[PDB]
Amino acid sequence: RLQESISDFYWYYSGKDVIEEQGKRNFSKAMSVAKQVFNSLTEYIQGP
Amino acid sequence: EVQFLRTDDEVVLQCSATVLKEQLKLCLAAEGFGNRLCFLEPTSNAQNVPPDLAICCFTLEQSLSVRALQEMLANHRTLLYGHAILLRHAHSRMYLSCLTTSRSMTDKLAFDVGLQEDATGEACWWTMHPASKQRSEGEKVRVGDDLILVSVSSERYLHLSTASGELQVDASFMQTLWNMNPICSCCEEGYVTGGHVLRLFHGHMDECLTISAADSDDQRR
Amino acid sequence: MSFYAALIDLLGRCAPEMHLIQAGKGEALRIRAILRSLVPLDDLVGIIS
Amino acid sequence: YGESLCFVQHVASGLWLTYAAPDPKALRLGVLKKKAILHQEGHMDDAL
Amino acid sequence: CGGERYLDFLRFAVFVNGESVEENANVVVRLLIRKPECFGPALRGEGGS
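Residue numbers (the deposited numbering), protein chains in the order written: chain L, 3925 to 3972; chain P, 10 to 84, 98 to 243; chain E, 2423 to 2471; chain U, 341 to 388; chain W, 2326 to 2374.
Okay, here's the thing in structure tokens:
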């Protein structure tokens, strides 16, 4: 669900030449959440 | 193994109806040349009367999300629920579309479903939605699943109308379950497959199987 | 009559502004097309008449 | 338990356990119940 | 009678200060067409005057 939302966000700015400040801030928080989910998935399978 | 529908695959849009307590399966068909409007070809009686499947085949050319479709309109993928698909008629090379006309008298809010010469505009794009709670948006569309097709331009379902004495397909606000039964996914080079048009040569490319020419005494039989 | 008048009033106020139609926005044109399909023009004139 | 998808079939007749596809105009009554029937074909979501 | 009261609430949600709020207007129209019975016995499509 997070990945699909990020993909939709990219298409919204795909036509636009430059991503404005509000879009960058929303991208940053989405990436921060995505980092935690990836870290959580990594911790599940390591050991292995 | 579970089969998943992908782009460039030929499929048939198939629905079901009740006729005198009998379950009749119908395929969406269109001639293309000379008649843009789509009709329904019955297929449940294929044992006794073969259906005309040459005009029922559609190719899944593209499958995009709503945002991707909006971006491309302003300017082999696996099918996912919620994506917008582009169906091209195999014979006429036209595209399934929600026409702006309406030849039906029972439903005043319905639109005719037919073929469009070009893929331009949003009238030839349909969004796939799950028919039941079993599937959710974003999941892969599997062979044999019941689908709900909604026109992007008109926000109307691909509807089977039984209001009149006949069975007709139109774009209405009442939903109808459809099955995208695959015909062929990938064909190897050469390697004859079903549904192809070919010639049957006898010897060394000299004689071929054929019938008599036009206006012949044997009635071309 | 009051229900349909309220319904027609609501649909009329949902119509896109002229500057969006003149700008050629796809979403605005689609919404107006849907509204036109729901309420035919002849019925509007008949009620006014 | 909770992982295997099971299709219920009547042994003597071969019919499949499925729902009755409730007739419209009954949704306004609030009847979310779907009558269970035995059918020769059934549906794809008949797994339990 | 009951339907009219809900219609005027949506009228205020989509029309503010003489202009149409396209964000609310698009949602309301899409919600209305997904439940066509909101249009009354008329505008029903089949069998509807």
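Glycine included, C-beta positions come from ideal geometry on N, C-alpha and C.
Inter-residue spacing [alpha-carbon to alpha-carbon] between residue i and residue j
{"i": "P:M116", "j": "U:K365", "result": "38 angstroms"}
{"i": "W:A2350", "j": "E:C2436", "result": "5 angstroms"}
{"i": "L:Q3970", "j": "L:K3959", "result": "16 angstroms"}
{"i": "U:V348", "j": "E:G2468", "result": "59 angstroms"}
{"i": "U:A361", "j": "U:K374", "result": "7 angstroms"}
{"i": "P:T52", "j": "P:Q32", "result": "11 angstroms"}
{"i": "E:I2456", "j": "P:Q71", "result": "25 angstroms"}
{"i": "P:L199", "j": "P:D168", "result": "6 angstroms"}
{"i": "P:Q23", "j": "P:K30", "result": "19 angstroms"}
{"i": "residue 426 of chain U", "j": "W:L2357", "result": "Because chain U is modelled from 341 through 388, residue 426 of chain U falls outside the range shown and cannot be assessed."}
{"i": "E:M2423", "j": "P:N44", "result": "42 angstroms"}
{"i": "U:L388", "j": "P:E229", "result": "59 angstroms"}
{"i": "P:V20", "j": "W:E2371", "result": "30 angstroms"}
Where residue i meets chain E, residues with beta-carbon distance less than 7 angstroms
{"i": "W:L2335", "result": "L2432"}
{"i": "W:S2345", "result": "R2435, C2436, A2437, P2438 and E2439"}
Delimiting residues of the beta strand (DSSP E) encompassing residue i
{"i": "P:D237", "result": "No beta strand (DSSP E) holds P:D237; DSSP gives it neither H nor E."}
{"i": "W:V2346", "result": "W:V2346 -> no beta strand (DSSP E), and no H or E assigned at all."}
{"i": "P:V75", "result": "Counting along the chain, P:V75 falls outside any beta strand (DSSP E), though it belongs to the alpha helix (DSSP H) covering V75 to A83."}
{"i": "U:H379", "result": "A376 to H379"}
Residue i: contacting residues in chain P (beta-carbon distance under 7 angstroms)
{"i": "L:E3928", "result": "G160"}
{"i": "W:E2371", "result": "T128, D129 and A185"}
{"i": "W:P2361", "result": "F195"}
Residue-chain proximity (residue i, chain W), Cβ-Cβ < 8 angstroms
{"i": "E:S2471", "result": "no"}
Chain P contact residues for residue i, given Cβ-Cβ distances below 8 angstroms
{"i": "W:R2330", "result": "Neighbours of W:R2330 on chain P: none; closest Cβ ~24 angstroms, over 8 angstroms."}
{"i": "E:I2456", "result": "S176 and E177"}
Neighbour list for residue i in chain U, Cβ cutoff strictly below 8 angstroms
{"i": "P:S154", "result": "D385"}
{"i": "P:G104", "result": "Result: empty, since nearest Cβ-Cβ is about 19 angstroms, beyond 8 angstroms."}
Terminal residues of the alpha helix (DSSP H) in which residue i lies
{"i": "L:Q3960", "result": "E3945 to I3969"}
{"i": "E:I2469", "result": "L2463 to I2470"}
{"i": "E:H2441", "result": "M2440 to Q2444"}
{"i": "E:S2459", "result": "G2448 to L2460"}
{"i": "P:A106", "result": "Where P:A106 is concerned, there is no enclosing alpha helix (DSSP H), although the beta strand (DSSP E) it sits in stretches over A106 to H111."}
{"i": "E:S2424", "result": "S2424 to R2435"}
Residue i: CB within 7 angstroms of a non-hydrogen atom of the ligand FMN
{"i": "L:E3945", "result": "Of ligands this structure carries none, so the ligand FMN is not represented either."}
Chain L contact for residue i (CB, 8 angstroms cutoff)
{"i": "P:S72", "result": "no"}
{"i": "P:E80", "result": "yes"}
Partner residues on chain L for residue i, Cβ-Cβ distance less than 9 angstroms
{"i": "P:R76", "result": "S3931, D3932, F3933, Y3934, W3935, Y3936 and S3938"}
Below-8 angstroms beta-carbon distance, residue i vs any chain E residue
{"i": "residue 93 of chain P", "result": "This model leaves out residue 93 of chain P; its place in chain P lies between 84 and 98, and no residues are given there."}
{"i": "W:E2348", "result": "no"}
{"i": "W:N2342", "result": "no"}
Contact with chain P by residue i, beta-carbon distance below 8 angstroms
{"i": "E:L2460", "result": "yes"}
Within chain P, the residues that residue i reaches when beta carbons sit closer than 9 angstroms
{"i": "E:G2448", "result": "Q79, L82, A83 and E144"}
Contact with chain U by residue i, beta-carbon distance below 8 angstroms
{"i": "P:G217", "result": "no"}
Within the stretch 180-209 of chain P, ranges of the beta strand (DSSP E) (whole runs, at least 3 residues): Listed in chain order, the complete beta strand (DSSP E) runs (minimum 3 residues) inside the stretch 180-209 of chain P are 190-194 and 200-206.
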